[PDB]
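The structure appears right after this line, and notes come after that.
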Amino acid sequence: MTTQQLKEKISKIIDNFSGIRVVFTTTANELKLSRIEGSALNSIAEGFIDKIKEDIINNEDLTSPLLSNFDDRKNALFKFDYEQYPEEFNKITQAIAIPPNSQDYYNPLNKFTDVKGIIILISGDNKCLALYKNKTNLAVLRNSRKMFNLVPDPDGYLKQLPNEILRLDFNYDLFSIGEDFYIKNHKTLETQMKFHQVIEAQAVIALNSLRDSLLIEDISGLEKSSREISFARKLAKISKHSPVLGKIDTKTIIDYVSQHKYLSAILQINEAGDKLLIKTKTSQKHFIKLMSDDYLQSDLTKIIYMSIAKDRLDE
Amino acid sequence: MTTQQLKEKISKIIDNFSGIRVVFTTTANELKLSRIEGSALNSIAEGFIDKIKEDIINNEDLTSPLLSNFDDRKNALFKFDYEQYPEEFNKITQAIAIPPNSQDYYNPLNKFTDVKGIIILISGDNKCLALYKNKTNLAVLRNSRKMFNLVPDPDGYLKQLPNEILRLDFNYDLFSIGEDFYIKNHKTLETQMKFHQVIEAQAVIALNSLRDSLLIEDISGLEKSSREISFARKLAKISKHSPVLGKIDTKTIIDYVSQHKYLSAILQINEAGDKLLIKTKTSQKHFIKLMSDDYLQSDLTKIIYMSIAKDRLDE
Amino acid sequence: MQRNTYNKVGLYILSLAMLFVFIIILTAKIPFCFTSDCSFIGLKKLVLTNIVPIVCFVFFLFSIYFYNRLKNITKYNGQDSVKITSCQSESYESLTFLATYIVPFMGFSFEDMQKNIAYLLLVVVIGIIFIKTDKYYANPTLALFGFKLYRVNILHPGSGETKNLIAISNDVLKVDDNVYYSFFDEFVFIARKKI
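Residue numbers (PDB author numbering), protein chains in the order written: chain F, 1 to 315; chain E, 1 to 315; chain C, 1 to 195.
So this is what it looks like as structure tokens:
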């Protein structure tokens, strides 16, 4: 699955647009079809295909790696590769198979409090592209107070009238075509899908592999640092895609730390020279970015660089 | 070159929080203060404090590179090092120094159509930080239906009723602290406040320097590709921080594309062996990424990587 | 003109509520008799013998409405703070509004209607001079309800300092006693004393 194939699929979907429908997932985990009207469907669909075209079609700098090779980079749709599928993944794969004559409708008396997920189903090239987004904390809109009797008040305040009306903004979190998933907003993946247990499991698996590598005297700072998900995503990246763990022996990494111009100053070596000392959070993140193979030296100007975002060219 | 100064400044701003003021800017380029309700303003202050805590205070992966060093990384605040301040930045620095007894309050009879951007003046410990936002044409938030004949109305007819309510989300596009500007969303720069002219002039200067360097044979394809602003930004980053243009000679660049594994396949040499044959768009973007030193090689693993985002260490 | 003048006229009508209460207490010819032969004379002559309590009653509801608008000017905004550099109490400028401008009205005899036209003209003339007199923050009705009128010199964290402002507040103030503003005009703001 390459980026150009996904671009061609999205272009064929958009250039042969046929239909549009909106699905809701509530807190009791059922799919209910909404009653959103046709002119509003046309406006929302035009804006959403505009967002897709600015995000996929007219975007000329898309790369699509996996979430196990995660790094903090913009303008990229991370393809799902993990084995365990969350429950909302099952809900959206049921949602693309919902028949057009389904009578499971949405009750409008729920005050939009039960609904926690919105589904945009665009249709093209006999395909149903699914966009899943959530509901935020209403992202509150403001109304000028036209409440003397009907229509005057050029002195009133801006205050929140409805406090229940859903927004449906021009933003999506994840999108799926076929059995292929891509995630743009990973924050709602981590907190709302409750994915942080899986990332913590990969983190303690990578910590056990670090203990098997015989490289660290004490992982207590790494243990108390792995509870935050920011260290845990890089721990999962170390667990899966690191070319240092399980491939390079301990003495080579210690020797390369020893003659390095910046790693020798912070990541100190112990008295016996058999392991590497790590206690501070600066040394913690430096060990994380060292094991992730990011201290990379130029072959032309011989300048060492910190690569936040890297991609393999030969694969 | 570090991020600790802004982190300490935002710690003093938020930890000694004093007050918040909402100032609207107008399409006729003048500032009108607003009439936000106090409970809703307290909610806005709490949410913006929470967002600036989740992005600056509680964040650990936050880097602050230069805007001239534009790369495609996330969690990055770009420092405004350019020599020309646009109009809205001057309006922000005017809006900081508005005296509190000012009486040019906004008129809500204008129905929120003349407002272009929303400025939020979060203040703390005798300093004022100004966040900025763009009114994104109501981002087409659909609304529910409350039919006149009854109060619950059990019939789904959800349409956007007023079309004049203000959105005011919790995502800020740029901000200012002290006498310095930091930038989050560069699409706000390019589309709203028209920053692309200076970038196109810098791309013109880059093309002049590329003509004078005599590395390329035909520059007309690059001059055609310079029209796109997504290419003009990286031509500007070539014009400012290319580490191999003007500091090393052309012959070692020809050797470096000659005996490279990937770059010999696409970036072709001419028959005279002095100028490159770069005509296609893939060869064009490979030429640009080679000017940014993105074909970047490892030392411990000795693996060549495609460095999308990189920095010159020095933490 | 207009809006600023209307705000100052509203503050002046708020300043006169105790006068309307005093006139209603003073010259209401209500037959307060518990006797059995004290039948109702009728609504018409009860209205006609109590003309100036009726007029002062209508003006009392106008003062109540302008107090409601003065509370509406502090309902909406007021989520920003300043620092006070020079606080000098000026609550006594409220009380001299009482004993010179409301006290001598009760010495008059509100019996003949020509004299009442003269006193109404005096109220109107005092109001016209009192709008532009730069001491329009004087108030018996506001200073009755716990509010104190101070002369402060606030200092903003980002804009600078402004001199000679008048602060209507609920609690006692001093130097370095940060407050929230709810600015009414370019002269008078309602403080709240952020603790």
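Just so you know, even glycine gets a beta-carbon here, dropped at the ideal spot from N, CA and C.
For residue i, the residue or residues it bridges with in DSSP
i, result
"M306 of chain F", "F:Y295 and E:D311"
"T26 of chain F", "F:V115"
"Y132 of chain E", "E:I119 and E:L174"
"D180 of chain F", "F:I177"
"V179 of chain C", "C:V82"
"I216 of chain E", "E:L276"
"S89 of chain C", "C:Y150"
"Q268 of chain E", "E:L277"
"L245 of chain E", "E:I248"
"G124 of chain E", "E:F17 and E:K127"
"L165 of chain C", "C:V152"
Partner residues on chain C for residue i, Cβ-Cβ distance less than 9 Å
i, result
"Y295 of chain F", "Neighbours of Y295 of chain F on chain C: none; closest Cβ ~42 Å, over 9 Å."
"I36 of chain E", "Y76, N77 and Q79"
Helix, strand or coil at residue i [DSSP, three-state]
i, result
"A45 of chain E", "helix"
"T63 of chain F", "strand"
"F287 of chain E", "helix"
"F66 of chain C", "helix"
"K79 of chain E", "strand"
"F89 of chain F", "helix"
"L277 of chain F", "coil"
"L43 of chain C", "helix"
"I165 of chain F", "coil"
"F17 of chain E", "strand"
"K193 of chain C", "coil"
"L158 of chain F", "strand"
"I129 of chain C", "helix"
"residue 321 of chain F", "Because chain F here runs from 1 to 315, residue 321 of chain F falls outside it and cannot be looked at."
"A232 of chain F", "helix"
"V188 of chain C", "strand"
Contact set between residue i and chain E, taken where Cβ atoms lie within less than 9 Å
i, result
"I154 of chain C", "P100 and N101"
"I304 of chain F", "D299, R312 and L313"
"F105 of chain C", "Those do not exist, as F105 of chain C stays about 34 Å from chain E at its closest Cβ, beyond 9 Å."
"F183 of chain C", "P100, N101, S102 and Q103"
"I248 of chain F", "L300 and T301"
Residues near residue i in its chain [Cβ-Cβ closer than 6 Å; skip 5 each side]
i, result
"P243 of chain F", "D293"
"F170 of chain E", "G47 and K51"
Neighbouring residues, chain E, relative to residue i (Cβ below 8 Å)
i, result
"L165 of chain C", "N101"
"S81 of chain C", "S18, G19 and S123"
"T162 of chain C", "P99, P100 and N101"
Own chain partners of residue i with C-beta closer than 7 Å, once the 5 adjacent residues on each side are dropped
i, result
"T3 of chain F", "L62, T63 and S64"
"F147 of chain C", "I168, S169 and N170"
"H241 of chain F", "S68 and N69"
"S43 of chain F", "none"
"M291 of chain F", "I238, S242, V244 and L245"
Residue i beta carbon near the ligand NAP (any heavy atom closer than 8 Å)
i, result
"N185 of chain E", "The ligand NAP is not part of the structure shown, which contains no ligands of any sort."
8 Å Cβ cut-off: residues of chain C touching residue i
i, result
"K127 of chain E", "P157 and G158"
"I96 of chain E", "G158 and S159"
Under 7 Å by beta carbon: chain E residues contacting residue i
i, result
"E90 of chain C", "Neighbours of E90 of chain C on chain E: none; closest Cβ ~18 Å, over 7 Å."
"residue 237 of chain C", "No information on residue 237 of chain C is available, as it lies outside the stretch 1 to 195 that chain C covers here."
"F170 of chain F", "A139 and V140"
"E186 of chain C", "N101 and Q103"
"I165 of chain F", "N143 and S144"
Cut-off 8 Å between Cβ atoms - residues of its own chain near residue i, not counting five sequence neighbours on either side
i, result
"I10 of chain E", "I52, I56, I57, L129 and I177"
"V172 of chain C", "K148"
"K159 of chain E", "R142, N143 and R145"
"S226 of chain F", "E200, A203, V204, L207, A232 and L235"
Amino acids of chain F, ordered along the chain, whose beta-carbon sits closer than 9 Å to that of residue i
i, result
"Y256 of chain E", "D299 and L300"
Contacts of residue i in chain F (Cβ-Cβ under 7 Å)
i, result
"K159 of chain E", "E37 and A40"
Worksheet item: Can at least three beta-carbon pairs, one atom from the stretch 92-101 of chain E and one from the stretch 139-158 of chain C, be found at a separation below 8 Å?
Response: yes
Discussion item. Taking 8 Å as the cut-off, does the stretch 165-175 of chain F touch the stretch 53-64 of chain E (at least 3 CB pairs, one atom from each stretch)?
Written reply: no
Worksheet item: How about the stretch 83-99 of chain C and the stretch 127-146 of chain C: do they share at least three Cβ pairs that are nearer than 8 Å?
Response: yes
Discussion item. Assess contact between the stretch 195-202 of chain F and the stretch 147-165 of chain F, defined as three or more Cβ pairs (one per stretch) separated by less than 8 Å. Is contact present?
Written reply: no
Fill in: Contact the stretch 111-123 of chain E vs the stretch 132-142 of chain E: 3+ CB pairs below 8 Å
yes
Worksheet entry | the stretch 63-79 of chain F / the stretch 278-298 of chain E touching (three or more Cβ pairs under 8 Å) | no
Discussion item. Could you check whether the stretch 178-187 of chain F touches the stretch 100-117 of chain C, counting it as contact only if at least three pairs of C-beta atoms, one from each stretch, sit closer than 8 Å?
Written reply: no
Fill in: Segment contact, 8 Å Cβ cut-off, at least three pairs: the stretch 21-33 of chain E with the stretch 99-108 of chain F
no
Worksheet item: Can we say the stretch 114-133 of chain C touches the stretch 6-19 of chain C, given the rule of at least three CB pairs closer than 8 Å?
Response: yes
Fill in: Inter-stretch contact at 8 Å, needing at least 3 Cβ pairs: the stretch 55-64 of chain C / the stretch 14-32 of chain C
yes
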